[PDB]
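The lines below spell out each chain.
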Amino acid sequence: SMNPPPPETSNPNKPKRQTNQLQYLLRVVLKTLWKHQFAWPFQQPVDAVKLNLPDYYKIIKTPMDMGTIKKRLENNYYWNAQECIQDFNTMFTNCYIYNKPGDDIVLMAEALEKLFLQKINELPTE
Ligand SMILES: CN1C(=O)C[C@@H](c2ccccc2)Nc2ccccc21
């Protein structure tokens, strides 16, 4: 079996910014989710080979994970906060699409998403 290449985290011809909203997304939002007891499945791309999930990347065509988001934030990959918020939402959605209601992983994603929503509710004005 084979994993796909990970999402890109570097692209020199993509225009970039470091806005106060993006700073908040790193220092408050990512940091909060990263340290959570349920973060670990989301801290790197889904390894479909070692999890024995040969259908994962058949079903999930827009992979995203917090390891990727962390790298994107640390390397100032984004132009705006909405791009990054979309990445978090892609990560959660992927989990709900692939897995079954009530599965441990879904409970984990739901706990992280609750915190995510609480933090982005107070996203600072630009
Ligand atoms: C984020 N993630 C998954 O969505 C896969 C899920 C899983 C389902 C069935 C069998 C094995 C794993 N849980 C999971 C576990 C570890 C890392 C990522 C995931």
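Every chain's residues are listed with numbers counted from 1 in the order the sequence is written; these need not match the entry, and residues without coordinates are not shown. Excluding hydrogens and water, the side-chain values take into account all heavy atoms of the structure. Residues with missing side-chain atoms are left out of burial classes, side-chain pairs and their counts.

J.: Can you walk me through the packing of helix α1 (residues 20-34) against helix α5 (residues 104-120) in this structure?
T.: Each pair of packed helices can be summarised by the angle the axes make with each other and by the distance between the axes. Note on definitions: angles span 0 to 180 degrees between N-to-C directions of axes, and those axes are lines fitted to C-alpha atoms, for helices only across the stretch in contact. The numbering of helices and of strands both runs from the N terminus, where a helix is a DSSP run of H or I of at least 4 residues and a strand a run of E of at least 2. Look at α1 against α5: their axes get within 9 Å of each other, and the N-to-C directions meet at 155 degrees. By the criterion of interaxial angle, the relationship of α1 to α5 is roughly antiparallel. Crossing of α1 against α5: the hand is right-handed. Only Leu112, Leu115, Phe116, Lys119 and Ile120 of α5 make contact with α1, whose side of the interface consists of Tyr24, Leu25, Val28, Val29, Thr32 and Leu33. By the convention adopted, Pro, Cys, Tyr, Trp, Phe, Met, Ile, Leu, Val and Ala count as nonpolar, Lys, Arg, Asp and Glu as charged, and the other residues, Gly among them, as polar. Of the residues belonging to the contact of α1 with α5, the class tally is nine nonpolar, one polar and one charged. Roughly parallel refers to an angle under 35 degrees, roughly antiparallel to one over 145, roughly perpendicular to one between 65 and 115, and oblique to any angle outside these ranges. In this scheme the handedness of a crossing depends on how the near helix is turned from the far one: anticlockwise by less than a right angle means left-handed, clockwise means right-handed. Here a residue-residue contact requires only that any non-hydrogen atoms of the pair lie within 4.5 Å.

J.: Can you help me understand unusual backbone geometry in this one?
T.: Excluding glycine, most residues fall at negative phi; most peptide bonds, likewise, are trans. The phi dihedral of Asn52 falls on the positive side, at around 55 degrees, and the residue is not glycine. Relative to the helices and strands, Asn52 is located in the loop between α1 and α2 (56-59). Judged by its relative accessible area of 61%, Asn52 is exposed. The backbone of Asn76 sits at a positive phi, close to 50 degrees, despite the residue not being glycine. Only protein chains enter the accessibility calculation, which uses a 1.4 Å probe; a residue whose area is less than 20% of its type maximum is buried, one above 50% is exposed, and one in between is partly exposed.

J.: Would you take a moment to explain α5 for this structure?
T.: Since one α-helical turn is 3.6 residues long, residues separated by three or four positions face the same way. For a helix, the expected span equals 1.5 Å multiplied by the residue count minus one. Look at α5: 24 Å from first C-alpha to last across 17 residues, which is about the 24 Å you get at 1.5 Å a residue. Among the residues of α5, those classed as buried are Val106, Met108, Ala109, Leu112, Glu113, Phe116 and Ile120. For α5, the angular spread of the buried residues around the axis is 150 degrees, confining them to a single face. Of the residues in α5, the exposed ones pointing more than 90 degrees away from the buried face are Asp104 and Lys114. Residues of α5 that are buried sit in contact with α1 and α4 (81-98). Taking the helix axis as origin, the arc is that swept by the directions to the C-beta atoms.

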